[PDB]
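Chains here go by letter, A, B, C, D and E, matching the order in which they are written, and residues are numbered from 1 within each.
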Amino acid sequence: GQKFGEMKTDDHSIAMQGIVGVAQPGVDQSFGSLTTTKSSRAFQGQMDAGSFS
Amino acid sequence: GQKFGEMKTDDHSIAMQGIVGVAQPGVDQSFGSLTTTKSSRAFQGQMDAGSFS
Amino acid sequence: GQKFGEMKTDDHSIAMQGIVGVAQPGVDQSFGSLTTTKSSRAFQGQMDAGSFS
Amino acid sequence: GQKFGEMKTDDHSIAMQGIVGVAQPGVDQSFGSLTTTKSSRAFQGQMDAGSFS
Amino acid sequence: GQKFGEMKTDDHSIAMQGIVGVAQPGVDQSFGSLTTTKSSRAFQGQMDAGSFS
């Protein structure tokens, strides 16, 4: 499963939490805090190659 | 299952919580808080490759 | 699984936490803190060659 | 697995932590602190030749 | 595995910690501290010939 604490996005910031996959991952994710300001981009988790492109 | 605490979206912000999949995931999700301001975009959960494209 | 503490991105900074792979890794990741300022770019985790290109 | 303490990037600095490989490494990584200022570039971990080029 | 203490890069300095190889090394690395100033370049670890060129 995946757990999210607090994510903050300010001014056109893009943040992604979790896993994007063709298959369903069997792993656990723990997230504390993220702060994004002034149009910043953040990735938390995992990305699959097939999903990526 | 999936649990949502509090998500805040201000000024044309787009936030998605959960899993978008061709199949139904058997995982649990826990979400605390999200704050999005000034048209920011956030993803919480998982995305399937087939669903993605 | 993967654990994230706190990541800070200021002013168009791009930070990626986790593993991007064609396959699902069976490893654990621990992250404390990251601070990125003035459009800086950071990578935390692992990258797969197939995913990379 | 890989463990990250604290990495600081100031003013367009690029820092990479972890291993970029065609294959998934079976090694553990420990990281304390990194400070990069004035557009400096740092590598922590390992790089695979296939991934490199 | 590889362990990193503290590496400092000031003013466009480039520092690399770890091993860049076509194959995955089975050795342990210990790093204390590195300070690079005024655009200095440092290498810590090992480099493979195939990876090098």
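The criterion applied here is as follows: a contact is a pair of C-beta atoms (placed from the backbone, for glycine too) under 8 Å apart; a residue touches a chain by one contact, two chains touch by 3 or more.
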Show which chains lie in contact with subunit B and also with subunit D. none
Any idea how many Å lie between the Cα centroids of subunit C and subunit E? 19
Approximate Å spacing (C-alpha centroids) for the pair subunit A, subunit B: 10
Among the residues of subunit A, which are close enough to touch at least two other chains? 13, 19, 21, 25, 36, 48, 50
Could you tell me which shape the graph of touching chains takes: line, ring, star, complete or other? line
So in the complex, which bits of subunit C are touching subunit D? 13, 19, 21, 23, 25-50, 52
Could you list, by residue number, the parts of subunit D that touch subunit C in their complex? 1-22, 24-25, 36, 48, 50-51
